[PDB]
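Residue numbers (the UniProt record's numbering), protein chains in the order written: chain U, 267 to 319; chain S, 55 to 107.
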Amino acid sequence: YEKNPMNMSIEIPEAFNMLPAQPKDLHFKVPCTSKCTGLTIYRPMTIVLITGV
Amino acid sequence: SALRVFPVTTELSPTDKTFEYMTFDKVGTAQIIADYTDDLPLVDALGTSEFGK
Numbered sequence: 267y268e269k270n271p272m273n274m275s276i277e278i279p280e281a282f283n284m285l286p287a288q289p290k291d292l293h294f295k296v297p298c299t300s301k302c303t304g305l306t307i308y309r310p311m312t313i314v315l316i317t318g319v
Numbered sequence: 055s056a057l058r059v060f061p062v063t064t065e066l067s068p069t070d071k072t073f074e075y076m077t078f079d080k081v082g083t084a085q086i087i088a089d090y091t092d093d094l095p096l097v098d099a100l101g102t103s104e105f106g107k
């Protein structure tokens, strides 16, 4: 393949973060969240996959 | 000898015609627990009154 941000991309709109701890009777709960999209290929035909190797 | 044997107070206005006092009470308990607990015994209160002339 050709490494070029105009051909394929991965998006991370929101990075990893930790929310403030929510307390209970004698213990706490700490939630975490993040965002992602995956792999997107704007321009195909610039990638060749040789299978059965 | 009444006024010299029993105490005399002046916490009453000349226009007052009845009086009242209050009394309180409480209940409760405790137990032996662990780190991760979600139940704990509770307490409460109470009250009562009396009158005069």
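The C-beta atom is built at its ideal place from N, Cα and C for all residues, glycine as well.
Proximity test, Cβ basis, 7 Å: residue i and chain U
{"i": "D98 (chain S)", "result": "no"}
{"i": "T83 (chain S)", "result": "no"}
{"i": "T91 (chain S)", "result": "yes"}
From the options, residue whose alpha carbon lies closest to that of residue i
{"i": "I278 (chain U)", "options": "U:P297, U:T303 and U:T299", "result": "U:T303"}
{"i": "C298 (chain U)", "options": "U:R309, U:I313 and U:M284", "result": "U:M284"}
{"i": "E280 (chain U)", "options": "U:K301, U:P271, U:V296 and U:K295", "result": "U:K301"}
{"i": "residue 320 (chain U)", "options": "S:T91, S:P68, S:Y75 and S:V62", "result": "In the structure as shown, chain U begins at 267 and stops at 319. Residue 320 (chain U) is therefore absent and cannot be evaluated."}
{"i": "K269 (chain U)", "options": "U:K295, U:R309 and U:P286", "result": "U:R309"}
>> Along the segment 283-312 of chain U, where does the CB come closer than 7 Å to a CB of chain S? Name the residues.
In response: Cβ contacts with chain S: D291, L292 and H293.
> Between the segment 68-80 of chain S and chain U, which residues of the former have CB atoms less than 7 Å from a CB of the latter, in chain order?
Replying inline: With the criterion set as a beta carbon lying under 7 Å from some beta carbon of chain U, the segment 68-80 of chain S has no members that meet it.
> Taking only runs of the beta strand (DSSP E) that begin and end inside the segment 281-311 of chain U, which ones reach a length of at least 3 residues, in chain order?
Replying inline: Counting only runs of 3 or more residues that sit fully inside the segment 281-311 of chain U, the beta strand (DSSP E) segments are 305-307, in chain order.
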